[PDB]
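Numbering (the entry's author numbering), first residue to last: 1 to 246.
C-beta atoms are modelled at their ideal positions from N, C-alpha and C, and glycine is treated no differently.
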Ligand SMILES: *[C@@H]1O[C@H](CO)[C@@H](O)[C@H](O)[C@H]1NC(C)=O
Ligand SMILES: O[C@@H]1[C@H](O)[C@H](O)CO[C@H]1O
């Protein structure tokens, strides 16, 4: 399992958490020195448990599929909560079975559905350590609309930060003050599967992407990524989604 405590949290302790999260994900191979997530894992070993504590020490446990860093559901006291999608239903066969009751959330876990449920896009939701403290607190008691925004915060501050050093750094900058994600952050999130695929295809293609990936940079400028010498590949992405899952 991995854990993170908001009480006394700072950029260092958050960085330790994101490091633990990355290190908890199994891989047998690296592609261009980036860990390649597994095609599949059987049984309960597919799921990592993340124990998150709000500033008051209240806790939820979040189940993450280790092949794709997708959050499947979470346990808050004696109630489990899962996304309304087949991968999450499957997960509910393995994790939090000791919950007194199971609630299936009235949406799947994808960004489009969550934004619809929350009534706002990711672009308008501040993120940061305080936002994560809020998110944990919201998830403690069921409120589906509130939970959708909380989950948008949770996904970006855990999974997305694990995937991209830039996103981890963005959250560290927001340790004590939330701010909406940069356009670059949103771009990276949206591009993880594409980048993972192209980095894998570049092996066999002399480091060259079969298809360029378009990203927004730190300056808000749209840029084309065409090969593995790009800073996004050498110095940003930390985990690759396996092409078998794309
Ligand atoms: C590789 O990527 C860099 C951008 O980082 C670019 O300047 C260079 O022209 C690219 N080379 C090829 C062969 O695509
Ligand atoms: O399908 C994706 C993944 O779940 C991502 O990690 C979170 O948002 C969704 O759009």
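Excluding sequence positions up to five before and after residue 201, its CB lies within less than 7 Å of the CB of 209 and 210, all in the same chain and listed in chain order. Take residue 233, set aside five residues on each side of it, and the residues of its chain with a beta-carbon closer than 7 Å to its own are 32 and 199, in chain order. Summarising the contact set, residues whose Cβ lies nearer than 5 Å to any heavy atom of ligand 1 are, in chain order, 226, 227, 229 and 230.
Taking the CA atoms as reference points, residue 87 sits about 17 Å from residue 37.
For residue 80, the enclosing beta strand (DSSP E) starts and ends at 79 to 82. By the C-beta density criterion, residue 163 is buried, having at least 16 other C-beta atoms within 10 angstroms.
What you get when you keep residues with a C-beta closer than 6 Å to any heavy atom of ligand 2 is 70, 109, 110, 111, 155 and 159. With 16 or more other CB atoms across the displayed protein chains lying within 10 angstroms of its CB, residue 134 is buried.
Counting C-beta pairs closer than 8 Å gives three or more between the region 59 to 70 and the region 16 to 36, which meets the contact rule. Around the Cβ of residue 109, a 10 Å sphere holds 16 or more other Cβ atoms; the residue is buried. Sorting 237, 85 and 137 by C-alpha distance to the C-alpha of residue 190 places 237 at the top. The alpha helix (DSSP H) runs lying completely inside the region 13 to 82 and spanning 4 residues or more number zero. Between residue 153 and residue 127 a beta carbon distance of about 6 Å is seen, short of the 8 Å cut, so the two are scored as contacting. Take residue 155, set aside five residues on each side of it, and the residues of its chain with a beta-carbon closer than 7 Å to its own are 71, in chain order.
For residue 214, the enclosing beta strand (DSSP E) begins and ends at 208 to 216. For residue 236, DSSP records no beta bridge to any residue.
In this structure residue 151 is in contact with residue 114, their Cβ atoms being roughly 6 Å apart against a cut-off of 8 Å.
Counted as a single uninterrupted DSSP element, the beta strand (DSSP E) harbouring residue 224 occupies residues 222 to 227. DSSP places residue 113 in no beta strand (DSSP E) but in the uninterrupted alpha helix (DSSP H) bounded by 111 to 118. Leaving aside the five residues that flank residue 183 on each side, the residues in its chain whose CB is nearer than 7 Å to its CB run, in chain order, 216 and 220. Around residue 9, the same chain offers 129 as residues with beta carbons nearer than 6 Å, after the five sequence neighbours per side are excluded. As a beta-bridge residue in DSSP terms, residue 164 pairs with 237. In this structure residue 172 is in contact with residue 11, their Cβ atoms being roughly 4 Å apart against a cut-off of 8 Å. Your pair residue 60 and residue 239 does not check out as a contact, with CB atoms roughly 23 Å apart and the cut at 8 Å. Here the alpha carbon of residue 160 sits roughly 10 Å from the alpha carbon of residue 166.
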